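Taking it in order: structure first as structure tokens, then the write-up.
None of the figures in this text is laboratory data; all of them are computed from the coordinates on show. With ideal geometry, Cβ positions are generated from the backbone for all residues, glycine too; neighbour counts draw on all protein chains shown.
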């Protein structure tokens, strides 16, 4: 009762429809997802090319998830050799490697622009979910920022009154008028700490003697800035991408669906009173389920002690801060 | 002029961003490419720079194995330049001058260039196989007639340098010509029950030919041994496709990785004002071949272990075989890591 | 003087950066003309590289003349004697050159004159990016006119007579090109963000490839000349000048210090490189050899031009700077 | 010597000035148009040009395979998102199918056919060149939109 169309060129739409009808066997998940996106028309006169409308061509959500995971599993041998080479690359450097399972659902790259409006970070060649190293480095840096703000908030605020005044003036300039309201909350401390770590690293020389307790170890501010680097000095810790272990993909699914059902969406966007006359607009998106095991590795360029400190910081961040998208809802959390 | 030539093969384990810095298209920070063709290449300057940095690190760490014997640069410099051995060492201690072996091979450091020229000359990392997604055979290694023609020209140059005509005709038995909708693909990529292939956006009729693909596989095997960067070479002979020139150009221009990155400000937890940018990356599992020519060293009073050109050839081959290097930017976030294999004819 | 002349082809395997003079953008602009602005190699640099190659070959003793090896060590004593052995010491002292180079490619630093004068390398085919037919060899009518005027002095037999038929006139927005470059359906072709209408003609490209394969062989520098015919375009004079001025390879280079891992201050500069797969032609004018008791093998001018063509045919040699980074290697095919 | 860059810049300036003048009051329309313009190249590089055009048409609540750019009015939509999507689709398709004009240096790769219907039954090389041209014109349009149009 649904009409499927394909905006790809002719002589290829037939093969795309064969792939989506399971008549043929596709092997690359990113290929079928992106380059062969179907446009589904329901009783409503509109070819909505969204996962909510894309799933309508299957029997149910379970069938869609099973099809996606079978397509993912069809490249298991290639992913296995790729992971073996990746582990060899890890061991080539003096990299410390640790494995972590997903405590809750994880979704990285949800904000990427795509036809589905809700994308997911999939490896181009093999079509498996992965965490880019940039995300890990950023989450570690932000966890360090949060720890510093929570512990040494008033101290750094007093030491850098000029910087906090500059930040308050900037906020007043952009955030409405707010001439001097500018509450000195934890968020302002985090902002000025980030500003110090990004544009005012040299002025952070005095603070470098400070130490903050992470997990069981103690990390200095100088250690953190050496690990991450500045505009004038390169970081010393190499953060590699994280990939799931190939073994677990054989038995449990590595990709599932999740739903967002925004009732009162006009209230949030347009300003209508919430009430209850606000029929929802469900939107589905892919996410790797909880329990999937990922392998992380951090290497060093100058000192292995910095690598160990960065590994501890990243473990703490993944345990508490969380990586990926919708981290405010407990998504993308890892457990030992 | 030159004496010998080795072939360096680079297999991109992670996406590689050899930055160019020339303007900014919609995909910001474009990679360096050949202007007239658009094919992605790594210029000799960057490859020589990273090789020189790795060699300097190895020599300072005292890990370079010459003739299966460890190389200590201090005692060698003393045996060569005993009059000023201390002073030159101070320059290395102050980073003014690079260590002895790197200065012999890659030339003297920037602080002084008129003394001698480099004994080595790297080449541009011309692409050989491109990873393109496929319906069957999850991803495929793709090549173009210009690619194999340039490989044959490179082989001819190697034969001329070494005066070895025997290796000249290794690839000289491969002439091809393909329409824009035809390809010579391995059995894995070919669709079941249909003599057609799909390379990430296109349905291509499978042209029937075996000598060309067999010769290409044999050439790769001769260049890089029987181990093709962690997997046997014979295991990928059925995942190779030779496509039309325009199709290969389109693959190299549009199938490259486009990575979006943002900066998260702690004041709000959202992307900052203009904190987002896109970067172009070479896809993972790509092959780039380069020529490294070597002649007589231009220095004076050389040690006996590096006296002749072959003593440099073997040292470079043993020190840069199945190694891992970082090319381009985003080193700190695990980008640009490549497996390097050195071969000779 | 200069009784005979020969034509030398030059195909750029790798980008060539010869010499260095406005330098408006590129800190090291390529070796360029003045009246026309076309890329060019000064006769001095080409003569220098050719004479260096000849000197190295003489040292290596691979200059077989008339299918017989040329041993210079015996020849110098045969033609000079007395101090010739002592003259050998001058070669050993590097203060002089072997007698063949001294009598052909000019004297030493310190009476006589070179038997051959090396002319300028004029451009013949410029590779430009095409929307279809990935890259195209483009020329200009005055390029063909210069080729004909240069080539009237060597070939003349019937090839010179038939070469006179090349005479075309092109507007600033029109071109003649092969089937590969012309877009499907629309009768226009796009090169380097310039759209040109195809002019109906089937004679100029045929004659150009005819003469090219006539005095350069069917094997067009390791490639079949027939395939080249389909990707030959001729554009207007202003269009060709703009192409040769703005379609060269502008490459930005930097220097990184290992102390901090960033670019050294003031270490960024742009260098301009002549594109690869560029056909260039040079004229070598050979006169009567200097009367210094020359051997009867190369007594006449015909013999010396023959030996030069034999020893330089299908050769490989590096021109310009940046030799250490794989720039400047070209292939020379003497015109027989 | 009429570079297509001049035609690209002129067309982008004309279209961005047109949307700025027609909807100077609707700041949210300007913001939506700017966001869609600076996000479109990512969609084109990800899912292709035809998929992007079909996505715009779907966001316009219009059927595919039976709609061309000449038969859509960008101002005939109540919603700001629909307004911006229609304007972007019209501008991109107009540049692809006609260029800056018949008498201009660039006359569009497609003669006069609808770019989506053109993509449906053309070779991969033609759609690749069309994608390249769309990328360039979208880059210019995003540049000019960031220049003048207000930011959401």
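A compact table of results
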item: From the options C:303, C:331, C:290, residue that is part of a strand (DSSP E or B) and either within 14 Å of another protein chain (Cβ to nearest Cβ) or at negative phi (or both); result: C:331
item: Every residue from region D:95-108 that is more than 7 Å from every other protein chain (Cβ to nearest Cβ) and touching a helix residue (DSSP H, G or I) at 6+ places or on another chain (Cβ under 6 Å); result: D:95, D:96, D:97, D:100, D:104, D:108
item: All positions within region B:41-95 that are in a loop (DSSP other than H, G, I, E, B) and within 31 Å of the chain's Cα centre (by Cα); result: B:41, B:43, B:61, B:62, B:63, B:64, B:67, B:68, B:71, B:72, B:95
item: Test: residue B:268 is touching a helix residue (DSSP H, G or I) at 6+ places or on another chain (Cβ under 6 Å) and farther than 28 Å from residue D:139 by Cα; result: no
item: Odd one out for residue A:147 among (1) out of contact with any helix residue (DSSP H, G or I) (no Cβ under 6 Å at 6 or more places or on another chain); (2) more than 13 Å from every other protein chain (Cβ to nearest Cβ); (3) surrounded by 20 or more Cβ atoms within 10 Å (Cβ to Cβ); result: (2)
item: Unique residue being surrounded by 22 or more Cβ atoms within 10 Å (Cβ to Cβ), within 14 Å of chain B (Cβ to nearest Cβ) and either touching a strand residue (DSSP E or B) at 6+ places or on another chain (Cβ under 6 Å) or within 30 Å of residue B:203 (Cα to Cα) (or both) when the list is D:129, D:137; result: D:137
item: Search result, residues across region B:184-219 that are more than 26 Å from residue A:26 (Cβ to Cβ) and out of contact with any strand residue (DSSP E or B) (no Cβ under 8 Å at 6 or more places or on another chain); result: B:210, B:211, B:214, B:215, B:218, B:219
item: Filter result for residue A:53 (under 22 Å from the mean Cα position of the chain (by Cα) and assigned to a helix (DSSP H, G or I)); result: no
item: One residue from D:112, D:108 being closer than 18 Å to residue D:52 by Cβ and not in a helix (DSSP H, G or I); result: D:108
item: Of all residues making up region C:15-49, the number that are within 17 Å of residue C:327 (Cα to Cα) and touching a helix residue (DSSP H, G or I) at 6+ places or on another chain (Cβ under 8 Å); result: 4
item: Filter result (outside any loop (DSSP other than H, G, I, E, B) and touching a helix residue (DSSP H, G or I) at 6+ places or on another chain (Cβ under 7 Å)) within region C:96-109; result: C:99, C:100, C:101, C:104
item: Evaluation of residue A:32 against (1) under 22 Å from residue A:280 (Cβ atoms); (2) in contact with a helix residue (DSSP H, G or I) (Cβ under 6 Å, 6 or more places away or on another chain); (3) facing another protein chain (nearest Cβ under 10 Å) (one fails), failing number; result: (1)
item: Test: residue in region B:110-120 that is assigned to a helix (DSSP H, G or I), within 19 Å of the chain's Cα centre (by Cα) and either within 14 Å of chain C (Cβ to nearest Cβ) or over 30 Å from residue A:125 (Cα atoms) (or both); result: no
item: Tally of residues being more than 10 Å from every other protein chain (Cβ to nearest Cβ) and within 20 Å of residue C:144 (Cβ to Cβ) across region C:244-264; result: 2
item: Per-region count, region A:218-242, residues farther than 27 Å from residue A:83 by Cβ, more than 14 Å from chain C (Cβ to nearest Cβ) and buried (at least 18 other Cβ atoms within 10 Å of the Cβ); result: 4
item: Filter pass, residue C:125 being outside any helix (DSSP H, G or I), away from every other protein chain (no Cβ under 14 Å) and under 29 Å from residue C:44 (Cβ atoms); result: no
item: Residues that are surrounded by fewer than 21 Cβ atoms within 10 Å (Cβ to Cβ), part of a helix (DSSP H, G or I) and touching a helix residue (DSSP H, G or I) at 6+ places or on another chain (Cβ under 6 Å), drawn from region A:196-217; result: A:204, A:207, A:208
item: Residue in region C:235-242 that is within 14 Å of chain B (Cβ to nearest Cβ) and in contact with a helix residue (DSSP H, G or I) (Cβ under 8 Å, 6 or more places away or on another chain) present; result: no
item: Residues of region A:56-83 that turn out to be farther than 30 Å from residue D:58 by Cα and under 24 Å from the mean Cα position of the chain (by Cα), as a count; result: 7
item: Number of positions in region A:97-115 that are assigned to a strand (DSSP E or B) and buried (at least 20 other Cβ atoms within 10 Å of the Cβ); result: 2
item: Some residue of region B:9-16 being more than 12 Å from chain C (Cβ to nearest Cβ), farther than 20 Å from residue A:92 by Cβ and surrounded by 22 or more Cβ atoms within 10 Å (Cβ to Cβ); result: no
item: Search result, residues across region A:20-29 that are surrounded by 21 or more Cβ atoms within 10 Å (Cβ to Cβ) and within 8 Å of chain B (Cβ to nearest Cβ); result: A:26, A:27, A:28
item: Flag if residue D:109 is under 10 Å from the mean Cα position of the chain (by Cα) and crowded, with 24+ Cβ neighbours inside 10 Å; result: no
item: 1 or more residues within 14 Å of chain B (Cβ to nearest Cβ) and surrounded by fewer than 23 Cβ atoms within 10 Å (Cβ to Cβ): qualifying helices (runs of 4 or more DSSP H) within region D:1-91; result: D:4-22, D:27-47
item: All positions within region A:116-141 that are at positive phi and either surrounded by 22 or more Cβ atoms within 10 Å (Cβ to Cβ) or within 11 Å of chain B (Cβ to nearest Cβ) (or both); result: A:127
item: Positions within region B:17-39 being closer than 30 Å to residue B:233 by Cα, in a loop (DSSP other than H, G, I, E, B) and more than 8 Å from every other protein chain (Cβ to nearest Cβ), in sequence order; result: B:18, B:39
item: Matching strands (runs of 3 or more DSSP E) fully within region C:209-276 where at least 3 residues are surrounded by 17 or more Cβ atoms within 10 Å (Cβ to Cβ) and under 18 Å from the mean Cα position of the chain (by Cα); result: none
